[PDB]
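Heads up, the chain below is alone and in the form deposited in one PDB entry; it's given as structure tokens.
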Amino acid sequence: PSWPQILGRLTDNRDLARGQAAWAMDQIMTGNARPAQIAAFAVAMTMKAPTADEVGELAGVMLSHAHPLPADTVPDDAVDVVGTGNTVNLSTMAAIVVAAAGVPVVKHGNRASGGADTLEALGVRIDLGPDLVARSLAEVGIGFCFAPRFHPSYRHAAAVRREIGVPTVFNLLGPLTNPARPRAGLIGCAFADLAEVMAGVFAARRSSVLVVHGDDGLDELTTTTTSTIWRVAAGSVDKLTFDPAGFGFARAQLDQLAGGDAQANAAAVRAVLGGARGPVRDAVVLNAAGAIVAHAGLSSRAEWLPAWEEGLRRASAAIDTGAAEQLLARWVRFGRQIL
């Protein structure tokens, strides 16, 4: 195995042999890959079109280098709510709403607005060690794994990612390398082909996940139009077309849903959790419900439609009853009380 061999195979538009993606990622994680080699691999893998097996090797090697949460501190029904990339506004709000509905949530991200930035603008302490993320989950029902603290060996790839800027297969790794390893979640992707790849990876993990792609390009469930959902459970995938109009959701415009910077997002979080109505609320409710449906897929034998009706009810209620606003405040309170 070597870079000329692996890079050559990719530029020739061939899928890699089993273990080659893993070899490449291990070189990258151990500081043995030159920045040029990392970049070449990232780009070549992207333009070749990665397979689920390849991405599975990349994520798997990365996790083998990550710091875990302490034993028996992550509830086995914890969920993730995130997109691959911007809808940080939607995913941040959805995550808070899901937690306020009684579902444990553990997120994973970094400062870019990134997921971490919006949370910091709300007064949340994002940079916590494993022991305290665990406490946060137990005491608040939500936690955040700061990527630099849990994936320190990813620093070389991270530097290259910043330098080239363009999205690559590495953008898919965030959701697939949550160090808390939640077994469920709502995972958005901006590209349909890659969404399907991600669903394949989650399937092999026996997770209960909704991998979602707005047919308008959104890396969340959209209200602008239909969405494609890759419904993942019991080692298999159920691909379907999803229309929120069937749940009474008005059609919105794309410019209404797009996130902004950390402060603009924070302002939007405060307004929505305060009860402000509009397209942004609807999108948050929609994706929160999606996460709740995924959560139900773990234990409940509840069917698709009734699961959604209950998920939408619980999401809306988490906002309307002030539970979400109250949970965020409790989350901020927790970080301040650590000192």
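Note that residue numbering begins at 1 and tracks the sequence as displayed. Take the two forms, find the largest set of C-alpha atoms that superpose within 1.5 Å, and that set is the rigid core.
Heads up, the form deposited in another entry isn't pictured, but that's what we're talking about next.
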Tell which of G217, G102, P75, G260, after superposing on the rigid core, has its C-alpha displaced by 2 Å or more between the shown form and the other one, please. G260
Core superposed first: is there a CA shift of 2 Å or greater at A234 between the shown form and the other one? no
Examine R162 after superposing the rigid core and state whether its CA is displaced by 2 Å or more between the shown form and the other one. yes
Note yes or no: does the Cα of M47 move by 2 Å or more between the shown form and the other one after the core is superposed? yes
